[PDB]
Amino acid sequence: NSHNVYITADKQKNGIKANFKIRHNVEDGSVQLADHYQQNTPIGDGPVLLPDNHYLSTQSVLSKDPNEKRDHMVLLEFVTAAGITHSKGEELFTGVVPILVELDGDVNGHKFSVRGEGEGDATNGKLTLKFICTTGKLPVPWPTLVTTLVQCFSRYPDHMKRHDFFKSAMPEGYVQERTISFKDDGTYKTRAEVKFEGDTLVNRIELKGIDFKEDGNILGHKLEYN
């Protein structure tokens with residue numbers, strides 16, 4: 001539904017760390033916890049903004065396109081930064097920016113690819129994207145991939161602009177790495193590069209999933225979609 005992404009500076013890496021729990025609803029009415037550990041490091045050599053502690057309030061709305069027979073996810077996201085008392089990359093995000101997402105995954109040896117396209121509006125902190133599993137049936141539930149599938153589109157308030165690492169790393173971009181531990185189940189290890197290619201903000205991801213249970217909530221597709 002809505003979750004808070006907590007961010008802190010990682011000076012030794014000239015980047016940031018983040019941590020947060022996603023609570024996925026299970027079809028039986030329980031919750032599947034997903035503990036996220038995140039690291040971001042700049043790709044280029046330019047100076048970046050290292051933030052004070054803060055968080056991203058993130059709301060995700062998942063839907064289906066009834067005209068689409070392929071395995072897919074329609075996604076609307078709203079992100080606004082908060083939690084702080086009262087760059088050139090900033091200028092790249094003043095308007096509506098096209099987005100391209102490419103993911104190649106391997107979960108317990110099940111290979112799959114996802115392609116997403118849409119647009120981001122950082123002024124309002126809004127993203128709209130459609131994702132397609134281009135290899136067939138997605139071997140994991142769409143909700144478990146949302147966090148992996150561009151926090152440069154967060155709306156940072158005026159009083160927090162000096163804490164926006166994500167835009168400050170652009171256009172050269174940043175590396176985003178996560179360990180996602182699903183409670184009583186497997187782990188995603190992800191590495192993404194987020195950067196401008198021409199006028200498009202591109203998120204290129206590799207995902208490895210280990211230790212998942214064949215009868216668990218993830219490989220068993222027991223998670224509610226929305």
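Just so you know, all these numbers are worked out from the coordinates, no wet-lab data involved. When we count neighbours, we look across all protein chains shown, and the Cβ atoms used for this are built from the backbone with ideal geometry, even at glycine.
In the set (1) touching a strand residue (DSSP E or B) at 6+ places or on another chain (Cβ under 6 Å); (2) of a type outside the set (D, E); (3) over 29 Å from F212 (Cα atoms), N40 fails one condition alone, (3). For the range 90-105, the criterion of being crowded, with 16+ Cβ neighbours inside 10 Å, among the hydrophobic types (A, V, I, L, M, F, W, C), farther than 16 Å from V194 by Cα and in contact with a strand residue (DSSP E or B) (Cβ under 7 Å, 6 or more places away or on another chain) is satisfied by no residue at all. Scanning the range 177-201 for residues that are farther than 20 Å from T144 by Cα and either aliphatic (A, V, I, L, M) or within 12 Å of the chain's Cα centre (by Cα) (or both) yields one hit, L201. Residue count for the range 63-77, restricted to those that are within 30 Å of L50 (Cβ to Cβ) and surrounded by fewer than 17 Cβ atoms within 10 Å (Cβ to Cβ): 0.
Restricting attention to the range 202-226, the residues being within 26 Å of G89 (Cβ to Cβ) and over 20 Å from the mean Cα position of the chain (by Cα) number 0.
When the range 149-170 is filtered for residues that are over 18 Å from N4 (Cβ atoms) and touching a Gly at 6+ places or on another chain (Cβ under 7 Å), the ones remaining, listed by number, are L149, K167, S168, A169, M170.
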